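Enquirer: Show me how the following folds:
(one chain, ligands or ions: 1)
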Amino acid sequence: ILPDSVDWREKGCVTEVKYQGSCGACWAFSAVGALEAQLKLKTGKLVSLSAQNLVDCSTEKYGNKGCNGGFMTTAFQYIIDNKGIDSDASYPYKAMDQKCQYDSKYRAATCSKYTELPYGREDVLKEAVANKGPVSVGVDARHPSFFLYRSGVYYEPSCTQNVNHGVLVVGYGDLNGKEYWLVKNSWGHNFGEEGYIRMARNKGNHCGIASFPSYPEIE
Ligand SMILES: CNC(=O)O[C@H]1COc2ccc(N3CCN(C4COC4)CC3)cc2[C@@H]1NC(=O)c1ccc(F)cc1
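Expert: Numbering: from 1, shown residues only. Now the structure:
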């Protein structure tokens with residue numbers, strides 16, 4: 001039995017919404033948001049982690065291309081290999097590709113492992129969001145309805161299961177009969193419901209939300 005609804009924001013495991021600007025660093029934002037939750041669960045401290053560190057440092061060896069896109073899984077692998085990631089404060093986001101400037105003097109978190117969930121399985125995603133923490137996922141965001149979303153449960157009949165934008169599932173629920181995933185985006189507070197979008201849940205892997213989910217853990 002899983003809870004009927006989950007909201008990790010209420011358990012203090014979610015940092016302020018970030019603003020990626022012109023740079024396709026959604027994957028980095030998704031990755032740090034997932035690790036921020038684990039850091040809080042382990043240490044009690046909620047600390048924004050450096051998306052810029054990932055953009056600049058988890059690069060070709062990780063199949064990542066900074067502002068041109070990347071993968072949350074290989075971002076986790078970089079944090080494992082690197083033995084750390086800097087705080088956002090120390091290594092701020094600039095919405096552009098820079099030289100790697102990782103400095104262990106400002107290490108704010110580590111990662112020991114990550115787990116990838118099976119393709120399209122919204123049940124397995126629900127279990128992880130309930131039992132483990134916020135989960136990094138991709139979605140198909142290439143529709144004007146997504147960009148223009150303001151409120152309620154988002155459903156786009158033209159959506160596909162092929163992902164192109166990284167976001168973070170921080171919960172799930174039901175809004176007057178419409179089941180949803182509660183998603184933290186990185187398009188600032190101006191987007192959606194103060195930075196969040198509620199996306200259709202149990203609607204055949206809508207927009208690919210359960211196509212490629214993953215989450216990190218800290219030893
Ligand atoms: C800017 N958008 C952005 O980064 O979106 C992220 C969102 O998260 C995910 C999650 C899963 C996947 N999968 C793709 C398919 N792959 C299967 C295995 O064999 C094919 C599994 C992993 C892709 C992505 C996206 N990455 C890119 O599209 C991307 C774009 C340019 C790059 F250089 C690198 C990456």
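Enquirer: Quick one: name the residues of this protein near the ligand.
Expert: Residues of the chain found near the ligand, taking CB under 6 Å from any ligand atom as the criterion, are 24, 26-27, 63, 65, 68-72, 138, 163-166, 212. In this view, the C-beta of every residue, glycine as well, is placed from N, C-alpha and C.
Enquirer: Which of those sits closest to residue 108?
Expert: Out of those, the one with the shortest distance to residue 108 is residue 72. That distance is 18.1 Å, counting by CB to CB.
Enquirer: Narrow the residues of the chain next to the ligand to those in helices?
Expert: Taking DSSP state H, the ones among the residues of the chain next to the ligand that sit in helices are 26-27, 72.
Enquirer: which one of these sits closest to the ligand?
Expert: The shortest gap between the ligand and any of these belongs to residue 27, at 3.8 Å (CB to the nearest ligand atom).
Enquirer: ok, now which ones touch the closest one?
Expert: Counting by CB atoms under 8 Å, 6 or more residues apart in numbering, residue 27 touches 54, 64, 69-72, 75, 166.
Enquirer: Distance to residue 178 added to the residues you listed, as TSV?
Expert: Supplementary listing: the contacts of residue 27 in TSV, determined by distance: CB to CB, whole Å:
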residue	distance to residue 178
54	34
64	35
69	30
70	32
71	30
72	27
75	32
166	24
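Enquirer: Quick check: the residue of the chain nearest the ligand.
Expert: Scanning the chain for proximity to the ligand using CB to the nearest ligand atom identifies residue 69 as nearest, at 2.6 Å.
Enquirer: From residue 81, how far off is that residue?
Expert: Going from residue 69 to residue 81 by CB to CB, to the nearest Å gives 20 Å.
Enquirer: more neighbours, those two?
Expert: In terms of neighbours (other CB atoms under 10 Å), residue 69 is the more surrounded of residue 69 and residue 81; the figures are 16 against 13.
Enquirer: Contact partners for the nearest residue to that one once chain neighbours are set aside?
Expert: Of all residues beyond its chain neighbours, the one nearest residue 69 is residue 24 (5.0 Å), with distances taken as CB to CB, 6 or more residues apart in numbering. If you count contacts by CB under 8 Å, 6+ apart, residue 24 has them with 67-69.
Enquirer: got it, and residue 150?
Expert: 192-193.
Enquirer: do residue 95 as well
Expert: With CB under 8 Å, 6+ apart as the criterion, the residues that contact residue 95 are 20-23, 25, 67.
Enquirer: Need the phi and psi values for the most centrally placed residue in the chain.
Expert: Centroid check for the chain by CA atoms, centre = their mean gives residue 30 as the closest residue, at 2.4 Å. In this entry, residue 30 is assigned phi and psi values of phi -60, psi -50 (degrees, to the nearest 10).
Enquirer: From what I see, it and residue 168 are in contact.
Expert: Yes - the pair formed by residue 30 and residue 168 meets the contact definition of CB atoms under 8 Å, at 5.0 Å.
Enquirer: Need the residues touching each of the two.
Expert: Between them, residue 30 and residue 168 share the neighbouring residues 136-137, with contact defined by CB under 8 Å, 6+ apart.
Enquirer: Number of residues surrounding residue 176?
Expert: Here the neighbour count serves as a burial measure; for residue 176 (other CB under 10 Å) it reads 6.
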